[PDB]
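The first chain written gets the first letter, and so on, giving A, B, C, D, E and F; residue counts start at 1 in each chain.
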Amino acid sequence: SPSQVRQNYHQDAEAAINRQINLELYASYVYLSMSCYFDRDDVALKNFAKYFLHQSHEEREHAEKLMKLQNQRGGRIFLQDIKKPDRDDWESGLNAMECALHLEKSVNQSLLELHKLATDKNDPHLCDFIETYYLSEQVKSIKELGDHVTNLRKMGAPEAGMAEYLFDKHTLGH
Amino acid sequence: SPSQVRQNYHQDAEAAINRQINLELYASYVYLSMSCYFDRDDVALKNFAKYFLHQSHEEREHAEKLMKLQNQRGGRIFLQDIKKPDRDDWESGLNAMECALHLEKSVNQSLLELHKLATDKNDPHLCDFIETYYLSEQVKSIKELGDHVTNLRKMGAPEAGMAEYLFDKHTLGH
Amino acid sequence: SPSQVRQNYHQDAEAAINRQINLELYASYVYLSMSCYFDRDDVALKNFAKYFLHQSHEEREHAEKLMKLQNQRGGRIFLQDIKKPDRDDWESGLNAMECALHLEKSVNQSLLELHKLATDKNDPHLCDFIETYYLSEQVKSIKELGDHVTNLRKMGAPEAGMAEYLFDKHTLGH
Amino acid sequence: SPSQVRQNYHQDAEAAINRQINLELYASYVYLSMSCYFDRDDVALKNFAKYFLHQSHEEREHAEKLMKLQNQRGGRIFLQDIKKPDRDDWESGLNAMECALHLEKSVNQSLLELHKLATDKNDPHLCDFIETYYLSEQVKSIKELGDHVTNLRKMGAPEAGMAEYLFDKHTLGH
Amino acid sequence: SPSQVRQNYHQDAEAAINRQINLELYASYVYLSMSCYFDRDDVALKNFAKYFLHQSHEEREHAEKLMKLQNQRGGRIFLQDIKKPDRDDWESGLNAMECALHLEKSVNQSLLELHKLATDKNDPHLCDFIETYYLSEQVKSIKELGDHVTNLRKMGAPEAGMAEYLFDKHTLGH
Amino acid sequence: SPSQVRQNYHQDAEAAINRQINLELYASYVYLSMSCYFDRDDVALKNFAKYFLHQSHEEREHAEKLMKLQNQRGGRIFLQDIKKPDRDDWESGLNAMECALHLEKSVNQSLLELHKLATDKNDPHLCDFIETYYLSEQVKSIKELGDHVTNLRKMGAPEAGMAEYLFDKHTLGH
């Protein structure tokens, strides 16, 4: 008994969207963990905390958009446990940005695998949806984090103690 | 003697666009028939009539956009008879929404076949055009009609006489 | 079992309105064909295309108003195939205007026959409706097209190559 | 080595806040599941979906405020897996509201246990924080859901098919 | 040692972008040459000069966007000599428009080859980027130039001495 | 057969303007190369990239003004290959500013040679044109770059890793 709206939507695509939803929610939770770390008294980097909180909310919005897609196409959302982040302590501004870069590239890889699946199942609506709302956004986010990692490294973070402070004010404070 | 503008535009694609134009015009005419039915004195559901008239005008706009595409790419528009709708009497609000759902899925299937052809002929401009302006719009329309059918069925239409009346006011009147 | 609203509405009038609806929809489709022709790359007369697209939408509005009339008076709308226009290629600006003039006079003749029928069946509401919304509009459209044909002919269209270009800009561009 | 800011903040309170954070995030995820269910084509109750999405975002805000508290008082946030909701299918508007009521009372009970702990450890700042931002908000939410359950039951939900439809429009649409 | 941001970006794609950059810069330089020609005292067609100067600046913007893409994806921009246009004297308004049409179709062909390469290397971000910002823009530009060539030819350019003058004022002056 | 407008315009001056046009276009291309380098992920200095992109567009404007001059005076523009910049990698903020300083002084020297030629051929309009729009602009640009080089050197660039970062924000970000 398929959904009345369902058309040219393979079960593999439905399953892969459900996995992507979980990954985006996981990414949101990792960013929330990072945001919390920079709000600690012994870290105290507000704009780092604000940056990662913004990323957290963006990743949640990405998850909710996939949920909308799933229902649009007549698929059924099956939620799974959102696993806790790998770390509680993210060590430094630089380390968190490096971990964020690793995370975004892992999310991007999953989306490329999802696109590949959509192309293989001749699902052009899903292909377009991924292209329009996800792939371009990932490339921009990966580039931005790459830029942030570069600058922090050059400034001498984390050993140079004014590096992450001034980066917080100049880059992330504007 | 090809058009001066023509480039990477297969004759099969040109022919398939001409068929799509006819189908969109047909869809416009079906919706106009529905709109007329709900303006009858013995049916008298104004917001149903307004809904389907809006759909009629949207389907015409879709046809005219395909005509623009055809001329853009150097193809030549060949018009065919717009066949009369299958029915004059659409029975009920629910039945019309169900018939509209069937129609939109038939239009969507044709667009997916058109996309498939464009992919096979390595015509990425045409692929993108279909993706951007048609596929996303169909999925939204199919979902919307699916929602409308669900609600009307649940409310008890058409046997429950206040179902289509209140649906006209609450869903289609806002 | 006549409609509850039906009064002094002969079956011949009902049938003749249904024929007029089809003719107005046909006229809309002819004008759309013309509009498409002037959007071709090898014709490229934008204001000609805009003019005939406007006429197309006006003829559709005329058809929808007749549909409203039919339902107002308790008649039942029976739709027929909208036949394809006689031509795909309309040759020139002048030729299209001449064909448009022929079309409008054919539509006007049908309306005069419809009025005659309404007078014969002592249907003054229908008479007035045709007089108010159709006959005056046709006479104006016929005169306008007559004017356009005259000017284009005088300017030397279609052989004089700047005739239709400058007519597009001066008459139809304002 | 306690935090420099830490004062009159027991380790049991720190641990209990971390548990409350997880519960609020869980509650957010349950509400997101509900919101998704009412966006299904075969359920199609938009204002139910909007209601529960709002609740989801509120519960997340509650979690983030506890995280702020934890860092304010010098405690350390330890995140745990956000467990998947008990259900994917929430059956009906009424059932979801009943499940939401059960959830909010479970969250409220945890907060009362958290307050009890704060009182036992003579932590008046934490007591006040829970009183100010949580207890009053829970009582209001529990009352609101109680009201919603009552109305839906009285209207005849879920068997009366117009009950949840009209409740969606009148109560949740305003 | 690949770029930190680089992901699913083939070396062939990187090389092909660098070639496209050069071609867009070349196209900018051809249009600048045309613009200069119509600013000559013995040609003196200001709106032709303004038209081609606008095209020149658009082609430069296209080149700079490809440069942004290259850096976004972690590729490295390698610039080459921007070759001088084939001509200094562009003869006439019509001839320049015909040469512009030839140029745009050559640029479009290169972009289609670039898309083909991106599809072959399963690079959907690059595919989408080309589709979104380039292919649609080329088709529009090719159509526009096709229209301009048609009108000028019909008006009798370049032999009819008022053709290019009036085309400058009516088409390119508005 | 000289141009109808040509008066007191030596062929040597005409030739020297054509060379200056090429040099200004070359300078534009060098600055574009620099701008691209600072948009790299492993360099990531946005205001450096914006600075040099602004310089690129200014040098193009200078070239187009010389083209206008050439046509004003009845000379004929003969375009040559715009040679690729000497480097792809500009190493550092400081190095690029030093290379920019060298470039501007080379452009200025060419303009002084062009002025000398104009004085020798008793061409006061050309002398004034160079004086008004070029010489004053070069001196200002050379001074500005001199200032930038000084500050960066003093701050400890490129070895001091916060030098180019903070210079990007304070000097080039305002």
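In this section, contacts are C-beta pairs under 8 Å (C-beta built on N, C-alpha and C of every residue); 3 or more make two chains touch, one makes a residue touch a chain.
To keep track of the chains, here are their UniProt names: A, B, C, D, E, F = Ferritin heavy chain.
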item: Chain pair showing more contacts of the two, A-B and A-D; value: A-D
item: Duplicate of the B-C contact set - from A-D, A-B or C-E, the pair where over half of the pairs recur; value: A-D
item: Distance between the centres, which are taken as Cα means, of chain F (Ferritin heavy chain) and chain C (Ferritin heavy chain), whole angstrom; value: 63
item: Centre-to-centre distance between chain D (Ferritin heavy chain) and chain B (Ferritin heavy chain) (centres being mean Cα positions), rounded to whole Å; value: 43
item: Inter-chain centre distance, chain E (Ferritin heavy chain) versus chain F (Ferritin heavy chain) - centres from mean C-alpha coordinates, in Å; value: 25
item: Multi-partner residues of chain A (Ferritin heavy chain) (at least 2 other chains); value: 3-5, 71, 74, 127, 143, 146, 150
item: Residue ranges of chain A (Ferritin heavy chain) touching chain E (Ferritin heavy chain) (in the complex, touch as defined); value: 101, 105, 108-109, 112, 115-116, 119, 127, 130-132, 135-136, 139-140, 142-143, 146, 149-150
item: Chain F (Ferritin heavy chain) contact footprint on chain A (Ferritin heavy chain) (complex, rising order); value: 143, 146-148, 150-151, 154-156, 160, 162-163, 166-167, 170
item: Residues of chain E (Ferritin heavy chain) touching chain F (Ferritin heavy chain) in the complex; value: 3-5, 29, 32-33, 36-37, 39-42, 53, 60, 64, 67-68, 70-71, 74, 76-85, 88
item: Chain F (Ferritin heavy chain) residues touching chain A (Ferritin heavy chain) - in the complex, by the definition given at the top; value: 41-44, 46, 161-162, 164-166, 169
item: Partner chain A (Ferritin heavy chain), residues of chain E (Ferritin heavy chain) touching it in the complex; value: 3-5, 7-8, 71-74, 122, 124-125, 127-129
